[PDB]
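Visitor: Compact mmCIF, N, CA, C and O atoms, saved as target_15.txt, coming up:
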```
# COMPACT_ATOMS: atom_id res chain seq x y z
N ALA A 153 115.55 11.61 100.54
CA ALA A 153 114.77 10.41 100.80
C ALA A 153 115.10 9.37 99.75
O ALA A 153 115.16 9.69 98.55
N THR A 154 115.33 8.13 100.18
CA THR A 154 115.72 7.07 99.27
C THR A 154 115.24 5.73 99.82
O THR A 154 114.94 5.60 101.01
N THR A 155 115.16 4.74 98.93
CA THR A 155 114.76 3.39 99.29
C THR A 155 113.29 3.34 99.67
O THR A 155 112.52 4.25 99.35
N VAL A 156 112.88 2.26 100.35
CA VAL A 156 111.49 2.04 100.74
C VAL A 156 111.42 2.01 102.26
O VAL A 156 112.42 1.82 102.95
N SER A 157 110.21 2.20 102.78
CA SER A 157 109.96 2.21 104.22
C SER A 157 110.77 3.33 104.88
O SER A 157 111.69 3.12 105.67
N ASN A 158 110.40 4.54 104.50
CA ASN A 158 111.04 5.73 105.02
C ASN A 158 111.23 5.66 106.53
O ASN A 158 110.35 5.22 107.27
N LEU A 159 112.39 6.12 106.98
CA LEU A 159 112.80 6.06 108.37
C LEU A 159 112.61 7.42 109.04
O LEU A 159 112.27 8.42 108.40
N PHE A 160 112.83 7.44 110.36
CA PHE A 160 112.82 8.69 111.11
C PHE A 160 113.77 9.69 110.48
O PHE A 160 114.63 9.31 109.67
N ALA A 161 113.64 10.97 110.82
CA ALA A 161 114.38 12.05 110.17
C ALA A 161 115.31 12.74 111.15
O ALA A 161 114.89 13.67 111.86
N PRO A 162 116.57 12.33 111.23
CA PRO A 162 117.57 13.15 111.92
C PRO A 162 117.80 14.46 111.20
O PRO A 162 117.29 14.71 110.10
N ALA A 163 118.58 15.33 111.83
CA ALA A 163 118.89 16.64 111.28
C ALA A 163 120.30 17.03 111.68
O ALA A 163 120.72 16.79 112.81
N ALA A 164 121.03 17.64 110.74
CA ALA A 164 122.36 18.18 110.99
C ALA A 164 122.26 19.70 111.01
O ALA A 164 121.81 20.31 110.04
N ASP A 165 122.69 20.30 112.12
CA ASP A 165 122.59 21.74 112.31
C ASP A 165 123.91 22.31 112.80
O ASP A 165 124.58 21.68 113.63
N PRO A 166 124.32 23.47 112.30
CA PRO A 166 125.45 24.17 112.92
C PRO A 166 125.02 24.97 114.14
O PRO A 166 123.84 25.29 114.33
N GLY A 167 126.00 25.29 114.98
CA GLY A 167 125.75 26.06 116.18
C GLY A 167 126.62 27.29 116.29
O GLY A 167 126.37 28.16 117.12
N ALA A 168 127.65 27.38 115.44
CA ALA A 168 128.55 28.52 115.48
C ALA A 168 127.80 29.82 115.21
O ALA A 168 128.04 30.83 115.88
N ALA A 169 126.91 29.81 114.23
CA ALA A 169 126.15 31.01 113.91
C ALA A 169 125.30 31.43 115.10
O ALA A 169 124.58 30.62 115.69
N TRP A 170 125.39 32.72 115.46
CA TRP A 170 124.62 33.23 116.59
C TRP A 170 123.12 33.14 116.33
O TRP A 170 122.34 33.08 117.28
N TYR A 171 122.71 33.14 115.07
CA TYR A 171 121.31 32.96 114.69
C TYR A 171 121.11 31.48 114.40
O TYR A 171 121.52 30.98 113.35
N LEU A 172 120.47 30.78 115.33
CA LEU A 172 120.38 29.33 115.27
C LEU A 172 119.33 28.90 114.24
O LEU A 172 118.55 29.70 113.73
N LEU A 173 119.34 27.60 113.94
CA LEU A 173 118.49 27.07 112.87
C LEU A 173 117.01 27.31 113.15
O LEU A 173 116.22 27.49 112.22
N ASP A 174 116.61 27.29 114.42
CA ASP A 174 115.25 27.59 114.83
C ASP A 174 115.28 28.79 115.77
O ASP A 174 116.33 29.36 116.06
N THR A 175 114.10 29.19 116.24
CA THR A 175 114.02 30.25 117.24
C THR A 175 112.64 30.28 117.89
O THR A 175 111.62 30.19 117.21
N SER A 176 112.62 30.39 119.22
CA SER A 176 111.40 30.54 119.99
C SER A 176 111.33 31.98 120.46
O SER A 176 112.17 32.42 121.26
N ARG A 177 110.34 32.72 119.97
CA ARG A 177 110.18 34.13 120.28
C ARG A 177 108.88 34.34 121.04
O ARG A 177 107.88 33.67 120.77
N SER A 178 108.90 35.28 121.99
CA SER A 178 107.78 35.47 122.90
C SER A 178 107.61 36.95 123.22
O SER A 178 108.59 37.68 123.35
N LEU A 179 106.35 37.38 123.35
CA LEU A 179 106.07 38.73 123.82
C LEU A 179 106.34 38.85 125.31
O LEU A 179 106.93 39.84 125.77
N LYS A 180 105.90 37.86 126.09
CA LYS A 180 106.08 37.84 127.53
C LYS A 180 106.59 36.47 127.96
O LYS A 180 106.35 35.47 127.27
N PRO A 181 107.29 36.40 129.09
CA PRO A 181 107.60 35.09 129.66
C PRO A 181 106.42 34.54 130.44
O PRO A 181 105.33 35.11 130.40
N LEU A 182 106.63 33.42 131.13
CA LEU A 182 105.61 32.88 132.02
C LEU A 182 105.01 33.99 132.88
O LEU A 182 105.72 34.85 133.40
N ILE A 183 103.68 33.98 132.99
CA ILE A 183 102.96 34.90 133.86
C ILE A 183 101.76 34.16 134.44
O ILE A 183 101.10 33.38 133.74
N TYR A 184 101.47 34.42 135.71
CA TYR A 184 100.49 33.65 136.45
C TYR A 184 99.53 34.56 137.20
O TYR A 184 99.92 35.63 137.67
N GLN A 185 98.29 34.11 137.32
CA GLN A 185 97.19 34.92 137.84
C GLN A 185 96.38 34.13 138.86
O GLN A 185 95.16 34.04 138.79
N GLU A 186 97.07 33.52 139.83
CA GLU A 186 96.38 32.81 140.90
C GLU A 186 95.42 33.76 141.61
O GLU A 186 95.83 34.81 142.11
N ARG A 187 94.14 33.40 141.63
CA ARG A 187 93.09 34.26 142.18
C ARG A 187 92.73 33.78 143.58
O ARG A 187 91.72 33.11 143.80
N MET A 188 93.59 34.12 144.54
CA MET A 188 93.38 33.80 145.95
C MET A 188 92.66 34.93 146.67
O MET A 188 93.11 35.39 147.72
N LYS A 189 91.53 35.39 146.12
CA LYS A 189 90.82 36.51 146.71
C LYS A 189 89.47 36.06 147.26
O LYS A 189 88.81 35.21 146.66
N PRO A 190 89.02 36.62 148.39
CA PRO A 190 87.71 36.23 148.92
C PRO A 190 86.56 36.61 148.00
O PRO A 190 85.50 35.99 148.08
N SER A 191 86.75 37.61 147.14
CA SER A 191 85.72 38.04 146.21
C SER A 191 85.82 37.36 144.85
O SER A 191 85.00 37.63 143.97
N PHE A 192 86.81 36.48 144.66
CA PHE A 192 86.92 35.77 143.39
C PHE A 192 85.67 34.93 143.16
O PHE A 192 85.07 34.40 144.09
N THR A 193 85.26 34.85 141.89
CA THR A 193 83.99 34.22 141.55
C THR A 193 83.91 32.80 142.10
O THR A 193 82.98 32.46 142.84
N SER A 194 84.89 31.96 141.79
CA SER A 194 84.75 30.52 141.97
C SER A 194 85.31 29.99 143.29
O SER A 194 85.10 28.82 143.59
N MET A 195 86.00 30.81 144.09
CA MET A 195 86.54 30.32 145.35
C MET A 195 85.55 30.46 146.49
O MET A 195 85.47 29.57 147.36
N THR A 196 84.79 31.55 146.53
CA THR A 196 83.71 31.71 147.50
C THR A 196 82.44 32.26 146.88
O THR A 196 81.38 32.16 147.52
N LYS A 197 82.48 32.81 145.67
CA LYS A 197 81.38 33.55 145.10
C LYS A 197 80.64 32.79 144.01
O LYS A 197 79.58 33.25 143.57
N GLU A 198 81.17 31.65 143.55
CA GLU A 198 80.39 30.72 142.75
C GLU A 198 80.54 29.29 143.26
O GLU A 198 79.61 28.48 143.14
N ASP A 199 81.70 28.96 143.82
CA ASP A 199 81.98 27.60 144.29
C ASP A 199 83.08 27.67 145.34
O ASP A 199 83.55 28.74 145.71
N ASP A 200 83.46 26.50 145.85
CA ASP A 200 84.63 26.36 146.72
C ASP A 200 85.84 25.90 145.91
O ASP A 200 86.39 24.82 146.11
N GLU A 201 86.25 26.75 144.96
CA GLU A 201 87.24 26.37 143.96
C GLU A 201 88.32 27.44 143.88
O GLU A 201 88.04 28.60 143.57
N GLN A 202 89.56 27.03 144.14
CA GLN A 202 90.72 27.89 143.99
C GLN A 202 91.44 27.53 142.70
O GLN A 202 91.67 26.35 142.41
N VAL A 203 91.80 28.55 141.91
CA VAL A 203 92.32 28.35 140.56
C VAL A 203 93.71 28.96 140.45
O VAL A 203 94.03 29.95 141.11
N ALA B 153 45.22 67.56 111.72
CA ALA B 153 45.15 66.48 110.75
C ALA B 153 45.19 67.05 109.34
O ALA B 153 44.45 67.99 109.03
N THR B 154 46.05 66.48 108.51
CA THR B 154 46.14 66.83 107.10
C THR B 154 45.98 65.57 106.27
O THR B 154 46.58 64.54 106.57
N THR B 155 45.15 65.66 105.22
CA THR B 155 44.80 64.47 104.46
C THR B 155 46.02 63.84 103.79
O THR B 155 46.17 62.62 103.79
N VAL B 156 46.89 64.67 103.21
CA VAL B 156 48.01 64.19 102.39
C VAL B 156 49.35 64.43 103.08
O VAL B 156 50.10 63.49 103.35
N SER B 157 49.67 65.69 103.37
CA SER B 157 51.00 66.04 103.88
C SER B 157 51.12 65.63 105.34
O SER B 157 50.33 66.06 106.19
N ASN B 158 52.12 64.79 105.64
CA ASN B 158 52.41 64.34 106.99
C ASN B 158 53.93 64.34 107.21
O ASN B 158 54.50 63.38 107.72
N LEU B 159 54.58 65.43 106.82
CA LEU B 159 56.04 65.43 106.71
C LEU B 159 56.70 65.09 108.05
O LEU B 159 57.45 64.11 108.15
N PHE B 160 56.42 65.87 109.09
CA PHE B 160 57.09 65.72 110.38
C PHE B 160 56.17 66.33 111.44
O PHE B 160 54.99 66.57 111.18
N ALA B 161 56.71 66.58 112.63
CA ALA B 161 55.96 67.16 113.74
C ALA B 161 56.74 68.33 114.32
O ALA B 161 57.28 68.25 115.43
N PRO B 162 56.81 69.46 113.61
CA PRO B 162 57.36 70.67 114.22
C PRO B 162 56.59 71.02 115.48
O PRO B 162 55.35 71.04 115.49
N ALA B 163 57.32 71.29 116.56
CA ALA B 163 56.74 71.48 117.88
C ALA B 163 56.96 72.91 118.35
O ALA B 163 58.07 73.44 118.22
N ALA B 164 55.91 73.52 118.90
CA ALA B 164 55.97 74.85 119.46
C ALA B 164 55.69 74.79 120.96
O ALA B 164 54.75 74.11 121.39
N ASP B 165 56.49 75.50 121.74
CA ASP B 165 56.42 75.46 123.19
C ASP B 165 56.54 76.86 123.76
O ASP B 165 57.16 77.73 123.14
N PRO B 166 55.94 77.12 124.93
CA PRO B 166 56.13 78.42 125.59
C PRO B 166 57.39 78.46 126.44
O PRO B 166 57.99 79.53 126.61
N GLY B 167 57.78 77.32 126.99
CA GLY B 167 59.04 77.18 127.70
C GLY B 167 59.35 78.27 128.70
O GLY B 167 60.51 78.45 129.09
N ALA B 168 58.33 79.02 129.14
CA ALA B 168 58.53 80.15 130.03
C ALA B 168 57.92 79.95 131.41
O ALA B 168 58.23 80.73 132.32
N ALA B 169 57.09 78.93 131.60
CA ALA B 169 56.44 78.72 132.88
C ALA B 169 57.43 78.15 133.89
O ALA B 169 58.62 78.00 133.63
N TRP B 170 56.92 77.83 135.08
CA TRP B 170 57.76 77.24 136.12
C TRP B 170 58.38 75.94 135.64
O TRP B 170 59.52 75.62 135.98
N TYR B 171 57.63 75.17 134.85
CA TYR B 171 58.11 73.92 134.28
C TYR B 171 58.38 74.09 132.79
O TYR B 171 57.99 75.09 132.18
N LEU B 172 59.05 73.10 132.22
CA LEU B 172 59.26 73.02 130.78
C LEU B 172 58.78 71.66 130.29
O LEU B 172 58.69 70.69 131.05
N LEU B 173 58.45 71.61 129.00
CA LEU B 173 57.96 70.37 128.41
C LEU B 173 59.04 69.30 128.44
O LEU B 173 60.23 69.58 128.33
N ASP B 174 58.61 68.05 128.58
CA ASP B 174 59.51 66.90 128.54
C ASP B 174 60.60 67.01 129.61
O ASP B 174 61.77 66.71 129.37
N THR B 175 60.20 67.43 130.81
CA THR B 175 61.16 67.63 131.89
C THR B 175 61.96 66.35 132.13
O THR B 175 61.43 65.24 132.07
N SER B 176 63.25 66.52 132.39
CA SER B 176 64.15 65.40 132.60
C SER B 176 64.25 65.07 134.08
O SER B 176 64.24 65.96 134.93
N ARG B 177 64.34 63.78 134.39
CA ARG B 177 64.42 63.30 135.76
C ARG B 177 65.61 62.36 135.90
O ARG B 177 65.74 61.41 135.13
N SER B 178 66.46 62.63 136.89
CA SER B 178 67.66 61.84 137.13
C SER B 178 67.73 61.46 138.60
O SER B 178 67.44 62.27 139.48
N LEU B 179 68.12 60.21 138.86
CA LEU B 179 68.32 59.75 140.23
C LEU B 179 69.77 59.94 140.68
O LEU B 179 70.02 60.54 141.73
N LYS B 180 70.71 59.42 139.92
CA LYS B 180 72.13 59.55 140.21
C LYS B 180 72.89 59.75 138.91
O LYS B 180 72.41 59.36 137.84
N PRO B 181 74.08 60.36 138.97
CA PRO B 181 74.87 60.54 137.75
C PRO B 181 75.29 59.21 137.13
O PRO B 181 75.01 58.14 137.67
N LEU B 182 75.97 59.28 135.98
CA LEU B 182 76.35 58.10 135.23
C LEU B 182 77.59 57.45 135.82
O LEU B 182 78.52 58.13 136.24
N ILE B 183 77.59 56.12 135.84
CA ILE B 183 78.70 55.34 136.36
C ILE B 183 79.39 54.65 135.19
O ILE B 183 78.77 54.32 134.17
N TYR B 184 80.70 54.45 135.33
CA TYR B 184 81.52 53.83 134.30
C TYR B 184 82.35 52.71 134.91
O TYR B 184 82.80 52.81 136.06
N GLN B 185 82.55 51.64 134.14
CA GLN B 185 83.20 50.43 134.62
C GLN B 185 84.34 50.03 133.69
O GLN B 185 84.26 50.20 132.47
N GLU B 186 85.40 49.49 134.29
CA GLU B 186 86.57 48.99 133.55
C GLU B 186 87.01 47.69 134.22
O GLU B 186 87.78 47.70 135.18
N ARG B 187 86.52 46.56 133.69
CA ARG B 187 86.89 45.25 134.21
C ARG B 187 88.16 44.77 133.50
O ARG B 187 88.15 43.88 132.65
N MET B 188 89.27 45.40 133.89
CA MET B 188 90.57 45.14 133.27
C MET B 188 91.53 44.39 134.18
O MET B 188 92.59 43.95 133.71
N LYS B 189 91.21 44.24 135.46
CA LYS B 189 92.13 43.59 136.38
C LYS B 189 92.24 42.10 136.06
O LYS B 189 91.32 41.51 135.49
N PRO B 190 93.37 41.47 136.40
CA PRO B 190 93.46 40.01 136.23
C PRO B 190 92.44 39.24 137.05
O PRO B 190 92.15 38.08 136.73
N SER B 191 91.89 39.84 138.11
CA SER B 191 90.88 39.18 138.93
C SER B 191 89.53 39.09 138.23
O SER B 191 88.65 38.38 138.73
N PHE B 192 89.33 39.78 137.11
CA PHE B 192 88.07 39.72 136.40
C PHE B 192 87.93 38.36 135.71
O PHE B 192 88.86 37.88 135.07
N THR B 193 86.75 37.75 135.86
CA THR B 193 86.57 36.37 135.42
C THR B 193 86.72 36.24 133.90
O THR B 193 87.52 35.42 133.42
N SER B 194 85.99 37.05 133.14
CA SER B 194 85.95 36.84 131.69
C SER B 194 87.31 37.09 131.05
O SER B 194 87.73 36.33 130.17
N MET B 195 88.01 38.14 131.47
CA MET B 195 89.29 38.46 130.86
C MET B 195 90.36 37.44 131.19
O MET B 195 91.46 37.51 130.62
N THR B 196 90.09 36.50 132.10
CA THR B 196 90.96 35.36 132.31
C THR B 196 90.43 34.08 131.69
O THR B 196 91.23 33.17 131.43
N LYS B 197 89.12 33.97 131.46
CA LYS B 197 88.54 32.75 130.93
C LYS B 197 87.83 32.91 129.59
O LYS B 197 87.89 31.99 128.77
N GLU B 198 87.16 34.05 129.33
CA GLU B 198 86.42 34.24 128.07
C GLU B 198 87.38 34.69 126.97
O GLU B 198 87.33 35.82 126.47
N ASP B 199 88.28 33.78 126.59
CA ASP B 199 89.27 34.08 125.56
C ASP B 199 89.95 35.41 125.84
O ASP B 199 90.36 36.13 124.93
N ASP B 200 90.07 35.76 127.13
CA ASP B 200 90.62 37.04 127.56
C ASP B 200 89.77 38.20 127.03
O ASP B 200 90.24 39.05 126.27
N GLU B 201 88.51 38.22 127.45
CA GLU B 201 87.58 39.28 127.09
C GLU B 201 87.45 40.25 128.26
O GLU B 201 87.08 39.85 129.37
N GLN B 202 87.76 41.52 128.01
CA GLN B 202 87.58 42.59 128.98
C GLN B 202 86.54 43.57 128.45
O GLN B 202 86.48 43.83 127.25
N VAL B 203 85.72 44.11 129.35
CA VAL B 203 84.54 44.88 128.97
C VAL B 203 84.56 46.24 129.65
O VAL B 203 85.17 46.43 130.70
```
Translate the structure described by the file into structure tokens.

Guide:
Amino acid sequence: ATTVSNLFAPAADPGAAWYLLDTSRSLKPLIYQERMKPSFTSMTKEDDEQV
Amino acid sequence: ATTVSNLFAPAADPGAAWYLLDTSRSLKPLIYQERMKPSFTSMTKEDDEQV
């Protein structure tokens, strides 16, 4: 950092290394639980609401 | 009745008649619940609480 009125921050990163500069790690991927059941609480058993 | 000593209540029973003291009465056996399915409301909305 130098001068006054600090500017936005670019970044220089290598890509050759198989272990990249950052990493997003997850236990599970996307998972969905659409409750399209007649006994679901909010679709017929609490309201007319599908979730 | 004892003026001073009141330690406990040792109980004596004949337990030999047609009936016994403190007879137990049951309507139906014990039931057990596992609200673990994704369709359960709380385990999808109550910070993923299953009971």

Visitor: Taking every C-alpha atom in sequence order, what RMSD separates chain B from chain A after the best least-squares fit?

Guide: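 Rounded to one decimal, the C-alpha RMSD is 1.8 Å.
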
Visitor: What residues in chain A lie within 8 Å of chain B, counting only C-alpha atoms, written as a VMD selection string?

Guide: chain A and resid 185 187 192 to 193

Visitor: Hey, what does DSSP flag as helix (DSSP H, G or I) within chain B? Can you give it to me as a short mmCIF file (atom, residue, chain, number, x, y, z; two decimals) with N, CA, C and O atoms, in the coordinates of the input?

Guide:
```cif
data_model
loop_
_atom_site.label_atom_id
_atom_site.label_comp_id
_atom_site.auth_asym_id
_atom_site.auth_seq_id
_atom_site.Cartn_x
_atom_site.Cartn_y
_atom_site.Cartn_z
N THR B 193 86.75 37.75 135.86
CA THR B 193 86.57 36.37 135.42
C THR B 193 86.72 36.24 133.90
O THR B 193 87.52 35.42 133.42
N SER B 194 85.99 37.05 133.14
CA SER B 194 85.95 36.84 131.69
C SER B 194 87.31 37.09 131.05
O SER B 194 87.73 36.33 130.17
N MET B 195 88.01 38.14 131.47
CA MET B 195 89.29 38.46 130.86
C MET B 195 90.36 37.44 131.19
O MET B 195 91.46 37.51 130.62
N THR B 196 90.09 36.50 132.10
CA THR B 196 90.96 35.36 132.31
C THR B 196 90.43 34.08 131.69
O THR B 196 91.23 33.17 131.43
N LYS B 197 89.12 33.97 131.46
CA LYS B 197 88.54 32.75 130.93
C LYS B 197 87.83 32.91 129.59
O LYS B 197 87.89 31.99 128.77
#
```

Visitor: Tell me, as a CSV table (one decimal) with N, CA, C and O atoms, in the coordinates of the input, which residues lie within 12 Å of residue 173 of chain B, counting only C-alpha atoms; anything in the same chain fewer than 6 positions away does not count.

Guide:
```csv
chain,number,residue,atom,x,y,z
B,163,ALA,N,57.3,71.3,116.6
B,163,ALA,CA,56.7,71.5,117.9
B,163,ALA,C,57.0,72.9,118.4
B,163,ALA,O,58.1,73.4,118.2
B,164,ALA,N,55.9,73.5,118.9
B,164,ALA,CA,56.0,74.8,119.5
B,164,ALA,C,55.7,74.8,121.0
B,164,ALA,O,54.8,74.1,121.4
B,165,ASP,N,56.5,75.5,121.7
B,165,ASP,CA,56.4,75.5,123.2
B,165,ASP,C,56.5,76.9,123.8
B,165,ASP,O,57.2,77.7,123.1
B,166,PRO,N,55.9,77.1,124.9
B,166,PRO,CA,56.1,78.4,125.6
B,166,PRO,C,57.4,78.5,126.4
B,166,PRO,O,58.0,79.5,126.6
B,167,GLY,N,57.8,77.3,127.0
B,167,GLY,CA,59.0,77.2,127.7
B,167,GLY,C,59.4,78.3,128.7
B,167,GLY,O,60.5,78.4,129.1
```

Visitor: Measure the distance from atom N of residue 186 of chain B to atom CA of residue 201 of chain B in Å and round it to one decimal.

Guide: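 Going from atom N of residue 186 of chain B over to atom CA of residue 201 of chain B, I get 12.7 Å.
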
Visitor: Expressed in Å to a single decimal, how great is the separation between atom O of residue 194 of chain A and atom N of residue 194 of chain B?

Guide: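 Straight-line distance from atom O of residue 194 of chain A to atom N of residue 194 of chain B works out to 13.3 Å.
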
Visitor: Atom CA of residue 203 of chain A and atom CA of residue 178 of chain A, how far apart in Å?

Guide: 24.5 Å
